[PDB]
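For reference, the structure is listed below as structure tokens.
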Amino acid sequence: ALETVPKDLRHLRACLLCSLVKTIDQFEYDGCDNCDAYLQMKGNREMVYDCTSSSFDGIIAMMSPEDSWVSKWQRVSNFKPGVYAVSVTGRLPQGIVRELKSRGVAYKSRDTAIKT
Amino acid sequence: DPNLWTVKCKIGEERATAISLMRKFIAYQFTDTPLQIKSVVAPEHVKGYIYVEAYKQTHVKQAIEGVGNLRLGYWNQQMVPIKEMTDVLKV
């Protein structure tokens, strides 16, 4: 919804798990809207910097994951409508990755770009 | 799957046109005239025109009958080749 819709072009940075592209303002006010329960994106900034990537190539204004071959490719047919990044450059800390694995959420890298 | 249509936009203002059209879609999605298009692609290295993901040129026209930046392409639209979806999103 409009809450997930970014408001300005300043300080855009994409998440590492759902590749959600939103500004620091709504990351502070709400954090993530996809895996907030699994990540605790809200209430801090240092861990937000580690759990979000400022380098993303290409974005998609997907709204219908259930009938999108875009969503098929980028494995967000199960996530909500929103703005997602085609490529995300970064990786979670080993501690957070281990925590997610223990909770049963394997971390799949969103870096789909072809490195040479 | 929906097909891509090439619509001409003011040089250097494709991003602004995309933002404006998505804002208008937000404002008019709950109205009696929602936008039936699925998405819009504005490649970083493509200037002069953008791609609209829709099933019909009628849908494309009804979506682009907003800001005047797309007036030149409003008269007619051009299909994107079937093989060209893979190339559309390459960076």
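The numbers used for chain A are those of Swiss-Prot, and the residues that appear cover 2-117, in sequence.
The header says electron microscopy, 3.1 Å.
Cβ atoms here come from the backbone N, Cα and C positions, even for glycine.
Feature annotations, courtesy of Swiss-Prot:
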{"type": "REGION", "residues": "A:2-40", "note": "region 'Interaction with SUPT5H'"}
{"type": "MOD_RES", "residues": "A:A2", "note": "N-acetylalanine"}
{"type": "BINDING", "residues": "A:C16, A:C19, A:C33, A:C36", "note": "Zn(2+) binding site"}
{"type": "ZN_FING", "residues": "A:16-36", "note": "zinc finger"}
Cα separation, A:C33 (Zn(2+) binding site) to A:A2 (N-acetylalanine) (Å, whole number): 13
Residue numbers, six or more beyond the limits of the zinc finger (A:16-36), whose CB comes under 8 Å of its CB atoms: 4-5, 7-9, 42-44, 46, 49, 52-54, 57, 60, 75, 77, 80-81, 83-87, 89, 91-93, 106, 108, 110-111
Chain-internal residues, separated by at least six, CB under 8 A from A:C19 (Zn(2+) binding site): A:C33, A:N35, A:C36, A:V77, A:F80, A:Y85
Most Cβ neighbours inside 10 Å, all chains, among the recorded positions A:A2, A:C16, A:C36: A:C16
Neighbours of A:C16, A:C19, A:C33, A:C36 excl. site residues, C-beta within 8 Å of centre, Zn(2+): A:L17, A:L18, A:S20, A:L21, A:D34, A:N35, A:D37, A:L40, A:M42
All-chain count of other Cβ atoms within 10 Å of A:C33 (Zn(2+) binding site): 23
